[PDB]
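Reading through the structure tokens given below for one structure.
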Amino acid sequence: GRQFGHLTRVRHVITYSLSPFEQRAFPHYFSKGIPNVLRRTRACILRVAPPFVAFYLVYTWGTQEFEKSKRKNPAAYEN
Amino acid sequence: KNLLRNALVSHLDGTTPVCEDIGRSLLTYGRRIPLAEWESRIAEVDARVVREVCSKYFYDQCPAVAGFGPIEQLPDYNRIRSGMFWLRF
């Protein structure tokens, strides 16, 4: 186990903070909120999204061919 | 109360400490509060007055904390804030 006071060494940093009863819990919730989640979404679409559409494409084509394999089967049997 | 009486009387000992009390008090109280008056103010005080007066300023109030030095173990402001009230009371 590790306690405060024995964690690590810190040089010259000041930290100002404020009482919760003195500030808002939702500063600019929407004003600053939305823009940021856009920003984080943007920042990550390209690594998260691609594999999922790949699965998405393989899922719809996969069931497609499953029905068209049997149902479509006949087809032609002419004599 | 006795400590405070001792303090007061002891502090007002010699030309300088007195002179400073005069000048400063005139600035702050507008007048000079004669020892006797302080003695009367102190005498008035008893347990109830302490609890009532302490609660008025300390109870469930927001602190102003200042830290300097090896302060890694200085408790978080929330924690210090929570320490300004008792769940028993």
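Residues in the structure tokens are named by chain (A, B, ... in the order shown) and by number from 1 within that chain; ligands are numbered from 1 in the order shown.
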
Write down as a VMD selection string the residues of chain A whose backbone DSSP state falls under helix (DSSP H, G or I).
chain A and resid 20 to 22 33 to 70

Contact check, chain A to chain B, at most 8 Å, counting only C-alpha atoms, closest pairs as CSV:
residue,atom,partner,partner_atom,distance
A:4,CA,B:73,CA,5.1
A:5,CA,B:73,CA,4.9
A:19,CA,B:77,CA,7.1
A:20,CA,B:78,CA,7.9
A:21,CA,B:62,CA,7.9

Could you work out how far atom CA of residue B:8 lies from atom CA of residue B:40, giving the answer in Å with one decimal?
12.9 Å

Could you jot down the atom CA of residue B:45 to atom CA of residue B:1 separation for me, Å, one decimal place?
7.8 Å

Can you pull out every residue within 12 Å of residue B:34, counting only C-alpha atoms, but drop anything in the same chain fewer than 5 positions away, and send it as an MDAnalysis selection string?
chainID B and resid 8:9 12 18 21:22 25 29 39:41

Atom CA of residue A:29 to atom CA of residue B:60: how many Å, to one decimal?
28.3 Å
